[PDB]
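Next up: a single chain in structure tokens, the form deposited in one PDB entry.
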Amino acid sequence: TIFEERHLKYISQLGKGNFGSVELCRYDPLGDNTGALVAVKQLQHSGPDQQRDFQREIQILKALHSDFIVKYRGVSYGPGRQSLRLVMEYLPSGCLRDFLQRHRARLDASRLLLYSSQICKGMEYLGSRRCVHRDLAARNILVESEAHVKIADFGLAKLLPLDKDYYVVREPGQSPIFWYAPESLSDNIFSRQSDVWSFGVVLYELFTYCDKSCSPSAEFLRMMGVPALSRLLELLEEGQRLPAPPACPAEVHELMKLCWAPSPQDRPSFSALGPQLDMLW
């Protein structure tokens, strides 16, 4: 629950992003290099709202207990009472994005659908706890094992007040626009309904095995052509969508098309999506 910085022997960097970073540390009090491995998140440079946003990320993940959400192990303190580091479980297989590229000859559509089912189930749970992820993408999903995935990175995640079912953000979204729904693009509105849209892009990502050539960014920019955001909005408002991934089963592509309904209230819920994905196995 509380990790001492003196017993957290740093190994490598696991990745960087959103004013902070994740480090592969070893929690070994004995100082012998024989202890458990943990994923440790800090901010590379602290800020005003940055420290508050990180503090909220910790609260959110502390309160999330699902087989499809990366486990919170605790915190490591410095000043009183600023929670300097966030300690999570270490999933050696890392990102689904990189795992997909590395193992695509081994992973069939059955396995891709299992992943989808698990990502969906975890999003069902988030929605149940009034949590908008706001940054669902294959880069933000982790691999526990060959048949197990968990949703990670809650750095942009928000909690819906009980009176409101949508959330309007002020600061522009510094994440690739290719995952945002039109209402996020145009009016900075985020919901479980926008997370569903971003899930369709995750299904796209899965069935393209995160190929860089037909990636959401690569393929939309190719379709585009004015500011880039405006060009994307025009495209999607005309009803233009990402093409069917090569060799993708039609039923899956149809589910992507569904997640990509222009209006948020026409998109299926994760509760509704889940058994549909289970039908495909």
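So that the term is clear: the rigid core is the largest set of C-alpha atoms that superpose within 1.5 Å between two forms. From 1 onward, residues are counted along the sequence shown.
Below, we turn to the form deposited in another entry, even though it does not appear here.
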{"query": "Sole member of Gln82, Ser128, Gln101, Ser145 with a C-alpha shift of at least 2 Å between this form and the one not shown (core-superposed)", "finding": "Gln82"}
{"query": "Flag for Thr34, CA shift 2 Å or larger between this form and the one not shown after aligning core", "finding": "yes"}
{"query": "Exceeds or equals 2 Å, Cα of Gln44 between this form and the one not shown, core fit", "finding": "yes"}
{"query": "Closer or farther in that other deposited form, the Cα atoms of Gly80 and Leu64, when the shift from this form is 3 Å or more", "finding": "farther"}
{"query": "Pairwise C-alpha change, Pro79 versus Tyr27, in that other deposited form against this form - closer or farther, 3 angstroms or more", "finding": "closer"}
